[PDB]
Structures are given as C-alpha cells and as structure tokens.
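What follows is a single structure, written as structure tokens, with notes after it.
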Amino acid sequence: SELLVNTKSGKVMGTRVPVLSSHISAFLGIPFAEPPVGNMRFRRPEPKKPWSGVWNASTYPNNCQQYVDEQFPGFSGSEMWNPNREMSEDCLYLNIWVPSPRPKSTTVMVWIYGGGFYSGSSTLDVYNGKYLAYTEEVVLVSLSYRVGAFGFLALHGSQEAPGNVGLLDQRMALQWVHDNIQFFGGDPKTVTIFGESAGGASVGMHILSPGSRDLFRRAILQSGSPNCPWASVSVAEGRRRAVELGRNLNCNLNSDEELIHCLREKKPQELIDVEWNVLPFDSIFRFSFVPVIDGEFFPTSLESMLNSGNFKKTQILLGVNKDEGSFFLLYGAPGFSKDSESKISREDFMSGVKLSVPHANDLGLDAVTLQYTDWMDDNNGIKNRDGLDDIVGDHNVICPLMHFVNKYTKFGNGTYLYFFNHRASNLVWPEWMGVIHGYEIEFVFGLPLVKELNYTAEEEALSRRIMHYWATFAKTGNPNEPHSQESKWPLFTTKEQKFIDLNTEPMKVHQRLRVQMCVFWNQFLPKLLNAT
Amino acid sequence: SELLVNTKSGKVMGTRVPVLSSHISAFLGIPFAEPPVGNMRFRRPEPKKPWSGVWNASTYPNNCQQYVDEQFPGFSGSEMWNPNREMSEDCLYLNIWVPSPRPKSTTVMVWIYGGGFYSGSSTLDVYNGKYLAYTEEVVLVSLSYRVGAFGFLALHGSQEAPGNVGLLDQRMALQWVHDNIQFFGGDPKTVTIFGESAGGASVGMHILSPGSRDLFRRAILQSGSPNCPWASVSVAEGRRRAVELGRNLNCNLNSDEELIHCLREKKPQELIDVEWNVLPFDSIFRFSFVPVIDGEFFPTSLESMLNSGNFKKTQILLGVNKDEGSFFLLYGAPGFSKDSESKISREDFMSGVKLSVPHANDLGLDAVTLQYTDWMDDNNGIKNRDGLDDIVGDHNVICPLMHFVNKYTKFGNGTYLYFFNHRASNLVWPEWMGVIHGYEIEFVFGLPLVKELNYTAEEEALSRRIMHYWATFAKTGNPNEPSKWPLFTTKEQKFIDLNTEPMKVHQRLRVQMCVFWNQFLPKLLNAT
Ligand SMILES: C[As+](C)(C)CCO[C@@H](c1ccccc1[N+](=O)O)C(F)(F)F
Ligand SMILES: C[As+](C)(C)CCO[C@@H](c1ccccc1[N+](=O)O)C(F)(F)F
Ligand SMILES: C[As+](C)(C)CCO[C@@H](c1ccccc1[N+](=O)O)C(F)(F)F
Ligand SMILES: C[As+](C)(C)CCO[C@@H](c1ccccc1[N+](=O)O)C(F)(F)F
Ligand SMILES: *[C@@H]1O[C@H](CO)[C@@H](O)[C@H](O)[C@H]1NC(C)=O
Ligand SMILES: *[C@@H]1O[C@H](CO)[C@@H](O)[C@H](O)[C@H]1NC(C)=O
Ligand SMILES: *[C@@H]1O[C@H](CO)[C@@H](O)[C@H](O)[C@H]1NC(C)=O
Ligand SMILES: *[C@@H]1O[C@H](CO)[C@@H](O)[C@H](O)[C@H]1NC(C)=O
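Keeping their order, the protein sequence lines are chains B and A. Residues 4 to 535 in the authors' numbering are what the first sequence lists, from first letter to last. Residues 4 to 485, 490 to 535 in the authors' numbering are what the second sequence lists, from first letter to last.
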C-alpha cells in the first residue's frame, strides 16, 4: 500500500490527506532518534532503535520544550508561531509529504524551522507541506531539533553537555532522510535543506560542518545566515551562560558534572523561566542558548572557514525580506506598538539603537546613529521608526547574509539572491511593520493557493512562481526553467552582484543589495569596534 | 586740502582717483609700524616713529615676502593673487579710500587679506577699495601683515621670535585706525573688520583675543573661522617647525637665540625656499607658519574660549562658498587638472582623501571615505571628483565655521550666515571647480560694476546687494535696511543663498556632513 512503508528501523503507516481537491500521502511523527530525556538531556542525539509492529504516523508529534510567547494572547499573528501541540522533551520527530502516485526517485526538500534557536515547531500551519509537495511534485520533509538550553547548553569539554546537540539533532534527521527517504520515493542524492531564520543559519552551518556536508545536495537560506551576530557564541560565552543558568537555579556549581546533574533534575519549564536571565545585555534579536564554535561541529571560526573555502561547494539560493527588524522592535523597544503608527521620537531612537547593537561602545553607537539619522529632519517620527527598523534588519539579517553570499560565491558552484518585498493583502500586523520577518514563508509553502485564506489572485501567482523557483532549484540547481518565456533570475556573481525582487510586480533585476549600509556593518563598524 | 590729512604721527597726502565716472580720495601705503627688518625680523611690531613733512601716499606699497605661486605662469586665475608689487620685509603699510567730499564720521571697514598666513597682499586688483567706498559711502581700509616665517615663526618663551607677530601687525593696523581714522572722516567707534580665508580666521582671532576686542565694533568672516584646522598650531608644534626650519638651513640649534640669529642672517628667499619642508604631513590645505595658541594673544584653547564665551560679544556676518576645495585639489592632488573635467578614479580618490585629512589614522580615513562614497556607483568619475572637493571644503572651511557659528551665537548679539554659490559668467577656471575659494571677494569689492570686466547685469545686481548687505551690516549690525536676510538662531539655524536668483532662506547648512566633521570623527580620532 501507498501508506505503508518498510523503513530500515521499522514499518511506518502514514495517512491520505486532501490537497486542493486531490490527495497526497502524509507520514507524520516518524521518530529519527531516541527521546533525549532523563540523563540524556543536553547530550548528543542517539539513533532511534528499531520497533516491531506498525508505527502510527497519521498525526503530528509533540513540539519541543520552549519559551511560549504571550505578548498578544489570542492574536493569530503571534500565536501561529507558538507550539500547536504538547511540548515534550520527547520531540525528535520528522514529517514527510509524498505526492500520490508515489514518485519513483524524486527531489527532496528538507525544511528546518527557525526561531532564534530558542523556539520553533515543525508542526505549525504555515509549514504544512502538502501544497508544495503536491504542486511541485517533491517529497517534502520537515524535521525537528531541541531548542534553547535543551539543545544548546554548552559546557565545552563535558561529554554530557558538549553543546550544539540541537544542530546534531538536525544532522541525525538528515541522516535518517539519507537512509530512508528512498523508500518514500525520494532521491537521497538530490536533497535540498531549506530553512528560515535560525533555520537559515542552521543550513549555512551544515554547509560549513564537515560531518553534515554529505547528507544533502543543495541549500536554501531564508532570512538567516551562519555568521549572524545572534546565531553563535564562543565556547567561553557558552560556558559562562551555562554556569549562570545554574546560578539562577541554586545549582551546585562545583564541577561541570554537578552543574549538569542539577539542571537535569529541574522540570523543563524551570529552565525556560530563567532562560533569558543569562544574556549579557538588555537586547533584541539575541537568544540565550545557541550554537557554539567548538572546533568539532565547526573545525574553526566561521570567518576563517569562509575565507579558506573550507565548506561544501554546491549551489545555494538565499534571501531576505524588506523589513526584517520590525517584529523585534515591536516586542522590545519603547515607542513600538502594534496598535499605532509607532512614530518614534529622537529619544526612543537612541534607546532603540542601544537595544539593537547591545555590544557597542558609545563610539559605535554614535556611528550607527550618524549612519541612519537625517540631521535635517531628525524629529521626524516616521524616519526615526524606519531608521531603527533598518538598523535591526541590516545588522541581524541582511548584511550578515550579504557577507556570507559574497564569501561563498568565491568558492561556490552557483548562487541565487532574492529580496522579498511583498506585503500580504491579508496581513494581521500593522502597516508600519512592513514585510515582516518570516512572512515569505506562507508563500514558499503555498498558502495563497487555498482560496479560503483570501490572498489576491496576484498573490496566488506570486506563491506559485516562488514555489516553482524553489523546487526547480532543488531539482536542478538553477531556479530558472530551461528555455522558458519567463524572466530570468540571473546568477549572483562577485563581479555583477545581481539579485531579483520577489513580489507581485513583474520581476526586476537589481545589483549590490544594500551595499552602502552593509559596508558600514560588515566593514567599518567591526573595524571601529576592533580598534576599540 | 582733502588729500592732505594731519595724522597723529605726521602729515600724509593721498590722491584723487577716478571711480565709475566720479572721484574719491585714496591714501596709499600709509606706514603703521616700523619696518620690521634686520634685528626686528620675527619680533613683535613697533609703532611707526613720527615723521616730519608730508608722507607721499599716492601709490601702493611693497608686498610682504612670500612664496610666489608659479603653477601657471601667466594664467590670470592664479597670477591675480601673487604679489603685484615688489616684495620687501618693509611691508607694514595700509591703504585708505575716502569718499569725496569727505564724510564727517562715517562707517569704517578694514579688510584683512587671506592666503593661508603664508601669503597675500593688500594691493591686488580685487582689493581695490575705491568702488565699495564710493558705492556705499564708507571709509575702506585695507591693512597688511607679515606672512610665512616672517610673521609666524614661533619659539614660545623666546622674545626675539615669540610667534603671532603677524597678528600683532594686524592689531597695530587696527590701533592705527583707532587712533587716526577720525582724521579721514571715519568713526573709530564703528569699525568693521572683515576678511576672507586666512583673513577670515584672523577676524575671528581678533574677536577671541582680549588685546584686540576693543579696537573694533563688528566683524565679517568670509570662508574662514579661527578654529580651522590649518589656522593654528600648539606652541610645541610651532616650536618643532621653527627648529626644523633651522635644521634645513644648517642653523645652530643649541638655543632659541642662536637659532633666531641664524635665521635673521638668511635672505628672505632662502627662508621661503624651504618653508614647506617643515610640515609634518604630505598634504593639501596646510601651511607652515600660522598662529600659535601661546596663552597670550590666545588665553586658553580656542574651543575652551568659545565654550566659556570668553570673546567679544557683538554681531557677526559670515559665510562660505559652494566649492572651497577645488583650488587645493587642483594644485596638489592626482587626477585633477585645469585643462580637463578631472574625473576621479577610485584609486585617485583614495589618494585624495589621505592627502585631505593628513592627521587621520586608517580608521579615520575609512570613515571619511564611507561618508562620501556612493558604493552603488564607486567608479563614477564625477561623483568621486565632487566627493573629494566636498571633503576638502567641508573639513577645512565649512564645518569649522559652522562649529564657530553655533558656539558664537550662544553668546553673540546677532549672527547672519550665508552660502555663496554663484559662478562668475566670466570665470577663467574650468567648470568643475565651481564656486571657488576666494571668488566671492570680487563681488564684495564690486568689480562687477565696471563694464570692461564683462560681468552680466544680473551679476552687477548681485554685487550691489552684496556690498549693501556688507555695508548696511557694518553701519548697523544688521545687513537689512528697514524678503529679508533672517537672523541665525541656534533654534532655526537659518541662512540665505547668495546668488543671482531671488533670495532663498534655508536651514542647517551642511548639517549632515558637519555632524561628521565636528562631532563624530573628532571623537573617533581622539579615542583611536
Ligand atoms: C518565522 As519566526 C524566526 C517564529 C518571526 C518572529 O520570531 C522572532 C521574534 C522576534 C521578535 C519578537 C518575537 C518573536 N517570536 O515570538 O518568535 C524569533 F525570536 F523567533 F526569532
Ligand atoms: C525576559 As524577555 C522581555 C522574553 C528577553 C528577550 O526579549 C525580546 C524577545 C522576546 C520574545 C521573543 C523574542 C525576543 N527577541 O528576539 O529579542 C524583546 F524583544 F522583547 F526584547
Ligand atoms: C613643496 As609644495 C607642492 C609649494 C607643499 C604644499 O603644496 C600644496 C599648496 C601649494 C600652494 C598653495 C597652497 C597649497 N595648499 O594649501 O595645500 C599643493 F596643493 F600643491 F599640494
Ligand atoms: C582669495 As585666496 C585664500 C589668495 C585663493 C585660494 O588660495 C589658496 C590656494 C590653494 C591651492 C593652491 C594655491 C592657492 N594660492 O595660490 O593662494 C591658499 F593657499 F592661499 F589658501
Ligand atoms: C493513529 O492515531 C490517530 C489518533 O489517535 C487515529 O486517528 C488513527 O486512526 C490511528 N491509526 C490507527 C488506526 O492506528
Ligand atoms: C559548476 O561546476 C561545473 C563543473 O565543475 C562547471 O562546469 C560550472 O561552470 C560550475 N558552475 C558555476 C556557475 O560555478
Ligand atoms: C609721490 O610718489 C610718486 C610715486 O613714487 C612720485 O611719482 C611722485 O613724484 C611723488 N610726489 C611727491 C611730490 O612726493
Ligand atoms: C543685543 O543686545 C541687546 C542689549 O542687551 C538686546 O536688546 C538685543 O535683543 C540683542 N540682540 C540680539 C539679536 O541678540
């Protein structure tokens, strides 16, 4: 039967689901590892041991333990991102959507959810993989990885809490895909890992980590990059935070063994409630437990690896949104409300840069300020708001991604760059927030194809070509369909630096994406802060 | 007669000079100090000893010893600034233009030529005061002062070469005016000192210096302020330069006096031939011997004085030109030519910026570059040319003056700021230089009123309103005569455009760039 599959470790029984007046197979909650519970909390993932009988894969699994957001209870805009299942430490599962007539050996795309390495679920409505699996005829997989302290507490030197175990969870599901996707009609030599935000950084980190390299063919990064200021810490900082988490819990701090034995006894929520307490400064777009440059998952520093071409050389498709930082300013900066135009005053502008570039001396702060202020009209609330928005988006997403794209292209085999600037007609967030962090996702997954969601006809078309670019890239390594009458998305080269706009207007090609500001962030400020 | 005046130190006789089909009186080459020659080289000036008989003041005096520009032999554009009279260390004279018939006790304006303190003359054609004196019925006086080593060699502590003597020359000119201008029909109580460039910085220095404050009423600064980076040096830097000057001429360096005596022996030209050698950095818009903050003429640091408000509180009218830096880049930077559009490659731009901010470290240069570069079009030869032009003009003239204007206004009794951006229809320099440093002067001096100079009627109009603004401001402390030229206030920061079109009132003159040059970069270099 189409729904019953003999995987290496056991039988899996999926379920038939409707998709736009049709059907496709869905295998939900398939486990790829032993439950990281008990004395396993904080440790490297272990492979799921074989089971007898048939594993019921007709329902989504649990979401991993995480800080649930409660800023706007009941508001769909914020809660669509929260865990929609029971949060359990037993959460290492992956889901697969296989087109009906099971494909013989087709393209595979593995989705890696993002959420600052502190949150995220594979089960959210926006990650329903049926539309893309059905429409583009690909085997769509969404995996899951431990987040926060569970997946990232790093006491470098300890084999109980080495750090980067969340990244290792991802690697294991990728291995699982490599060892079993062939039984679902997937081609393990043609898999594309794609993710957004922490999911976008994770993808880049797999392109850098030797132990992950041969588990996938190509890569797609959305609004995320391995070198993002928030995507990783030094092993020192990692250890520091691990000890501070333990201090915050009255933990015996004698040795790593004792700190870990303590933390392992606390109930999950106990760790979450103190999670943000370990950060260095009051900030936005900064998360407590994230990947550590250990010299194992990451042989050396990310920049050293980038300069030496010590990474997987394949094709990559990647991009950013127009207003990546508004989501964060709304939550942590003064003057920002979802119920108002949020015209920011000079006073709150200052307060906001301080929160956005937490690790910058006053000379730094002045530079960022001078760089984004119109001193001819510095009391303009609209400009101050948009100025600060750009600051958070440029510093945390766009420039880090642009630095990575320029480094990678030197050694890569094909790079395609996009700029998502479409504001959805049915957006629930206020207009000032613009094209929000995470909002190209519903288009990558094809939610506009379902009528009852109210997207315009032009939004259905945008989604369809975005999904086609993604699937065609995953299939061939070039998002453009051979000999088509459509507009060409050109290769991004270190010389021409071309990229395109992803929106309703007829495609347009641009060059040097936000160079001016990114020379500032990627070149000047680092040098200014280095000279101290 | 009207051409024979009894001054306090002796008689003097001028001459009747024609002006626009009318006449006015001219007293030229009036000595106001003892010839600072021989032993008196580098020494403070000494008042002019009285004389018997009448002093012939019918012709212009010698010009002070200075580096003569030979970049364009015979080109009027640069030749018009070179000494047009025979040079001589005996050059402390002043000129006066008195409207005819002689006024009773009218407004007096005293011009202070500018040329980086290393050059300048009171006899240039663009300084002919007979037009302004006549058109606005004012007594116009042009002074002179020592430049280069002769006026600013500085061995602080010594008394044979104390430094700032060139300024004391200026102060003595003003003291002379104070004591005598009433004999020519001018009110010593309503004297305005105005000057351009290094002259403008001097005006500002006499506003700051306690010993100069009481000798004048108001002030006008044209493209220069006392805090300009090229305008002064510490006692140590002055001292360093003085000694290196000696090292260059194989002078004994064992002590202040031996050095000074050795330098006194040398001929004027020997000193000038090695004048530039003392500069600490290869650069542009930098001069060797300039004023020194000695704690005498200047009590404390300029900034310290500006902040505490330790300076003459009165009204000031000042401004700057559209492209102050073109002249400098043309003479010392690669890519710039007088016979081409001078499009600047990225590589020549990089050179240009290092020559422009000689004191900045790499981080600083980087910052200046980021600030003026269009990273989406960095090989645009025009954007790069203009960018450099703006760097030089903003760093050396505009922003130091905007810092002076905002500080002064805090205690002042009335500021009036302008932005001159008209390019003479008959400019002999290439179009890319724009509104060049020093080319507002001909308007202030009404040359556009003499037809043989081929300016346009619309320009004669600009000249006249400008001369009226200057004179009306001189006489009343207000350029307007009851759209009007609005007062500059730290709240609205308004200023006007000075050109042929109808007056426009703007606000916050080059605030973006100047926040960079006055606040950011300083704090950056200071830290690093
Ligand atoms: C496709 As998402 C990486 C779950 C867009 C928002 O998520 C941000 C965020 C930013 C600012 C405030 C709140 C949140 N949030 O609740 O998720 C974060 F943190 F997950 F990255
Ligand atoms: C004890 As808290 C006021 C949940 C520390 C971080 O707060 C952030 C934040 C809060 C919730 C999700 C994501 C973010 N973030 O990415 O910065 C902000 F924005 F509220 F300050
Ligand atoms: C040995 As030389 C070539 C007389 C040092 C300065 O030269 C300047 C210069 C020359 C003449 C007048 C002013 C300037 N200046 O302000 O920099 C420039 F431009 F040639 F490099
Ligand atoms: C009204 As003027 C202050 C005598 C014109 C500009 O003069 C500059 C200059 C700048 C670059 C090259 C040559 C010169 N120059 O011969 O005067 C300097 F140096 F005098 F200020
Ligand atoms: C799998 O479990 C779900 C939920 O309990 C149920 O709806 C489905 O029928 C189950 N499959 C079978 C028949 O085991
Ligand atoms: C990718 O690699 C192939 C074979 O090594 C080469 O022919 C092609 O030029 C490369 N493509 C790019 C754009 O790097
Ligand atoms: C005044 O000086 C001029 C020029 O030096 C000379 O030609 C003239 O004869 C002199 N007049 C008298 C009588 O001193
Ligand atoms: C100048 O000072 C006088 C006397 O105190 C004062 O009345 C006048 O308002 C001041 N003018 C300005 C514009 O500061």
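For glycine and all other residues, C-beta sits at the position ideal for the given N, C-alpha and C.
| A:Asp-369: contacting residues in chain B (beta-carbon distance under 7 Å) | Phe-527, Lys-530
| field | Exposure label - B:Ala-460; buried when at least 16 CB within 10 Å | value | exposed
| said: Any beta carbon from chain B within less than 9 Å of A:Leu-366's own beta carbon? | reply: yes
| message | I need the DSSP call for A:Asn-525, collapsed to helix, strand or coil. | response | helix
| field | Check: A:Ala-336 C-beta below 8 Å from any heavy atom of ligand 3 | value | yes
| said: Ignoring anything shorter than 3 residues, give me the beta strand (DSSP E) runs that lie fully in the region 302–384 of chain A, in order along the chain. | reply: 318–324
| request: Let me know the alpha helix (DSSP H) ranges lying completely inside the region 83–110 of chain B, each 4 residues or longer, listed in chain order. | output: none
| A:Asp-369 to A:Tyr-70 span [Cα, whole Å] | 34 Å
| field | Euclidean distance between Cα positions of A:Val-194 and A:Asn-481 | value | 14 Å
| query | What residues in its chain sit with their C-beta under 7 Å from that of A:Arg-426, if we drop five residues either side in the sequence? | reply | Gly-437, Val-438
| Span separating the alpha-carbon of A:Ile-503 from that of B:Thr-412 | 51 Å
| said: Using a Cβ-based criterion (distance less than 8 Å to any ligand heavy atom), does A:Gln-173 qualify as near ligand 4? | reply: no
| query | Just curious, the beta strand (DSSP E) that A:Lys-192 is in, first and last residue? | reply | 189–199
| said: Quick test of your reading: B:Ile-210 and B:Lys-315, contact by CB under 8 Å. State the CB separation rounded to the nearest angstrom. | reply: 5 Å
| task | Report back the beta-carbon spacing between B:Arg-221 and B:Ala-477 to the nearest angstrom; my notes put them in contact at under 8 Å. | result | 6 Å
| Under a CB-based cut-off of 9 Å, is B:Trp-378 close to chain A? | yes
| said: For B:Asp-297, tell me which candidate among B:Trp-473, B:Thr-535, B:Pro-165, B:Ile-99 has the shortest Cα-Cα distance. | reply: B:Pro-165
| task | Could you tell me which of A:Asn-424, A:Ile-469, A:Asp-72 sits nearest to A:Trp-279, measuring between CA atoms? | result | A:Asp-72
| field | C-alpha gap between B:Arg-468 and B:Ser-25, whole angstroms | value | 20 Å
| query | Going by the C-beta, is B:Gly-417 closer than 8 Å to any heavy atom of ligand 6? | reply | yes
| field | Same chain only: Cβ atoms within 7 Å of residue 558 of chain A, ignoring 5 sequence neighbours per side | value | Since the first residue of chain A shown is 4 and the last is 535, residue 558 of chain A is not available in this structure.
| query | Buried or exposed: where does B:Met-520 fall if 16 or more other Cβ atoms within 10 Å of its Cβ makes it buried? | reply | buried
| query | Name the chain B residues that come within less than 9 Å of A:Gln-519, Cβ to Cβ? | reply | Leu-373, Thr-376, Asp-377, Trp-378, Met-379
| field | Between the CA atoms of A:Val-101 and A:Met-175 - distance to the nearest angstrom | value | 21 Å
| query | Buried or exposed: which applies to B:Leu-171, given that a residue is buried once 16 or more other Cβ atoms fall within 10 Å of its Cβ? | reply | buried
| task | Return helix, strand or coil for A:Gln-68, following the three-state DSSP convention. | result | coil
| message | Going by DSSP in three states, A:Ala-222 sits in which element: helix, strand or coil? | response | strand
| Range covered by the beta strand (DSSP E) that runs through B:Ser-28 | 26–34
| Those residues which DSSP pairs with A:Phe-423 across a bridge | A:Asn-324, A:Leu-505
| request: Closer than 9 Å, Cβ to Cβ, to anything on chain A: give me those residues from the region 282–304 of chain B, in chain order. | output: none
| task | Along the beta strand (DSSP E) that carries A:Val-22, what are the first and last residues, could you check? | result | 18–22
| Reduced DSSP category for B:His-513 - H, G, I as helix; E, B as strand; rest coil | strand
| query | What's the gap between the Cα of A:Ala-204 and the Cα of A:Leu-146? | reply | 15 Å
| When DSSP builds the beta bridges, which residues end up paired with B:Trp-58? | B:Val-15
| Taking 9 Å as the CB-CB limit, is residue 1 of chain B close to chain A? | Residue 1 of chain B lies beyond the residue range present for chain B, which begins at 4 and ends at 535; the question has no answer from this structure.
| task | Can you pull the chain B residues whose beta carbon is under 7 Å from the beta carbon of A:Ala-534, in chain order? | result | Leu-366
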